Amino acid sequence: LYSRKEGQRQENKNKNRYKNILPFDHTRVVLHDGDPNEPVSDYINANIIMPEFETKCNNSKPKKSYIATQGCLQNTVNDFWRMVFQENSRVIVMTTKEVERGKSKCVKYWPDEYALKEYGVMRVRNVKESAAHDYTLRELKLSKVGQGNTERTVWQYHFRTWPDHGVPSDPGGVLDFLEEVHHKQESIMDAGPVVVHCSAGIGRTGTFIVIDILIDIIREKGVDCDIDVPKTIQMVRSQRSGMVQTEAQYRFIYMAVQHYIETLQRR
């Protein structure tokens, strides 16, 4: 029995970018510490994605997990930073421009270059922006206003060259990007889930997360390991509905997996 009841509540209606794209109750990110003046303060349109494989062992838990979320709305920016803080996330993957084809996809939820901004009780300083070819890396410092020993670096990997229609015609850029994200995440002791967002939090987000999951398997278990793309996609869809939206996205996943395997072989 699945449900999306919290997302459907009237107190949360302005917190969803699309009225019928909602988080499953059983995997939604529940925000425990917010503004007691808000009718509901525990809601964000976001789900934890935990890779689940029939052959997982008895530990806590998968090596990497993700938060799949929508692009911020002006009124959910403070919620977004509460989520990042609460979950101890240290890496954010933004897969859209702020505006594409004249349409806002995500509000700018981070400060201007070298600026600092307060978002509710959260304080963020933009320390540095480094532009690579397909992406910009922003080094952010996140802390809870008033509290000592809460500051932590959050690395925002902003992929900027996804085409306005369709998907990249070659997956090399996305794979190089994910390799950097992978190494940053492992460089930070006990970092929380990697936050990944697009606009609705399902199409591009699902494409990036499913590739990262498959690549993580191949990076570890080798070129000859068993890969089942449809089963991995269904596994992720059990945790957030609609992950991977189009035929081009679905095929892009296959192309990326094949490309990654090819890269390793050439070494």
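Counting begins at 1, following the sequence as shown. Rigid core: the largest C-alpha set superposing within 1.5 Å between the two forms.
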Quick one: core-superposed, which stretch strays further from the shown model in 5 other deposited structures of this protein, 74-82 or 105-113? Go by RMS C-alpha distance.
105-113
Coordinates for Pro62 lacking in at least a third of the other PDB entries compared?
yes
At least a third of the other entries leave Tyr43 unmodelled
no
Between 249-257 and 15-23, which has the higher average C-alpha B-factor in the PDB entry?
15-23
Entry-level comparison of average CA B-factors, 143-151 and 116-124, reporting the higher stretch:
143-151
Considering only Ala46, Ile213, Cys225, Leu31, which residue's Cα atom bears the greatest B-factor as recorded?
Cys225
Among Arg82, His165, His158, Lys105, where is the Cα B factor highest in this entry?
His165
Please place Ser238 in the lowest, middle or highest third of its chain according to the CA B-factor in the PDB entry.
middle
Sort the modelled residues of this chain by their C-alpha B factor and say whether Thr69 lands in the lowest, middle or highest third.
lowest
For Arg101, the third of its chain by CA B-factor is the highest
Chain-wide C-alpha B factor ranking for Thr207, given as lowest, middle or highest third
lowest
What third of the chain does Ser169 rank in for C-alpha temperature factor, lowest, middle or highest?
middle
